[PDB]
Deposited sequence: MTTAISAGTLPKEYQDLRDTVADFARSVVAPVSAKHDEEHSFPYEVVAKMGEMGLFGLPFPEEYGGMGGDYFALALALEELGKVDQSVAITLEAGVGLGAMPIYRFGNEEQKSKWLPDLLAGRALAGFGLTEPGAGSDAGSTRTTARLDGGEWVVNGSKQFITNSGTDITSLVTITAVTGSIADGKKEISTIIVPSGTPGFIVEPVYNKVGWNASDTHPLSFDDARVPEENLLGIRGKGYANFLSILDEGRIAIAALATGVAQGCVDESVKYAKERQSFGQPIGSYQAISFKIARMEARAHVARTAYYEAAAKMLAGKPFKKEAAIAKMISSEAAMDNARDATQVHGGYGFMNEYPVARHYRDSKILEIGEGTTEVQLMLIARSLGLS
């Protein structure tokens, strides 16, 4: 059973998700338009500050509290959930966990308050996201950094409220490039299978200059810093993917009670009711998986293995429940007007981002000695 503080938050975000987020989800998906009005209301709720102390502007909660919110948002609109997830985990977290009093005090308050978004630029075109692959070069001249390179698939990097993008550059540490830096160009959005409302851009740097004080962490330790906070993001996206799986149940249950076939609701036929029952089982064990992962994290125990399992299994519950949810909806399962249709498109990236399934299996395998 969930404690009051967490159960109260779950109820508030879920209420938010049904009353505020769901009515506009179809519009932003069709338009590919970033939901600024939803992000600002999430910011005023403090969701962007949940896993941060009131010191730097956060709400003094934890990552499990954020996880509960992401599950409730994931049920309804993945683009909104991933904007929150990526903002906290990829924008603010590298600055909060590796930035001095000045860096944290300059950038975090806006990020933590939902007034601004930050992104992390690691992936590059043609590069294998390894340490060996990073072809983006950075050179120090006096009190300013000079960056030359290109990044690919960077979330939250080109909104009207993006303040900075922390990037990786071979010198390899983490450098905070404010948006508006002359060499910093935000290329146009991608045409993606899904997450249509989520902001995603390629980035290019031609002799961009930023202050010396913008180095994130110690010179040479930025990639190591990233790996050390990856595990919280596996939990966060496991919760998002779990919400997706549950949203697919919820919609399919709703749809099965309305839609008729040969005089009875389609849920009266075992093939539909059993398929939905299995979907609810998948979502449930996905939820116990990431609760267990968060429990270890909050207790200070190791949670890398549990998070990797939680993320893989969750992502598979979302994909499987989306394919089943669209089957339950029939022709409507092929119409972007219906939530489960958008979930079918959106969920493919859940098996790929935050470490591919193959990466999670490698981690689990190494944990056994293989």
property	result
Deposited-sequence ranges lacking C-alpha coordinates, in sequence order	1-8, 180-188, 388
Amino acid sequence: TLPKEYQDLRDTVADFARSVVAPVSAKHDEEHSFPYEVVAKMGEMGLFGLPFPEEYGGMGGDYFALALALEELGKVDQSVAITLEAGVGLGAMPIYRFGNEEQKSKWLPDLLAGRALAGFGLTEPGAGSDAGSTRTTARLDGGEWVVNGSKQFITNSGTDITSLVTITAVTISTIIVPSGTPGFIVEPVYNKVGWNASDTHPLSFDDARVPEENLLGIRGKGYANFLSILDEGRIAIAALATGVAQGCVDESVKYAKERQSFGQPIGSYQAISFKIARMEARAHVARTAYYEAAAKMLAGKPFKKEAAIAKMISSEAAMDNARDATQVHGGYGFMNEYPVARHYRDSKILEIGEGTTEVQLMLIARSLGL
From here on, numbers count along this sequence of modelled residues.
| item | value |
| --- | --- |
| Residue stretch of maximal mean CA temperature factor, 77-85 vs 253-261 | 253-261 |
| Segment of higher mean CA temperature factor, 57-65 or 336-344 | 57-65 |
| Among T288, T174, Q152, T242 - the residue whose C-alpha B-factor is largest in the record | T174 |
| Maximum C-alpha temperature factor, selected from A169, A281, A197, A294 | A169 |
| Chain thirds of CA B-factor: placement of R97 | highest |
| B-factor third for the C-alpha atom of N225 within its chain | highest |
| Third assignment of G91 from its chain's C-alpha B-factors | middle |
| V186 CA temperature factor, ranked by third within the chain | middle |
| CA B-factor placement of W107, once the chain's modelled residues are sorted into thirds | highest |
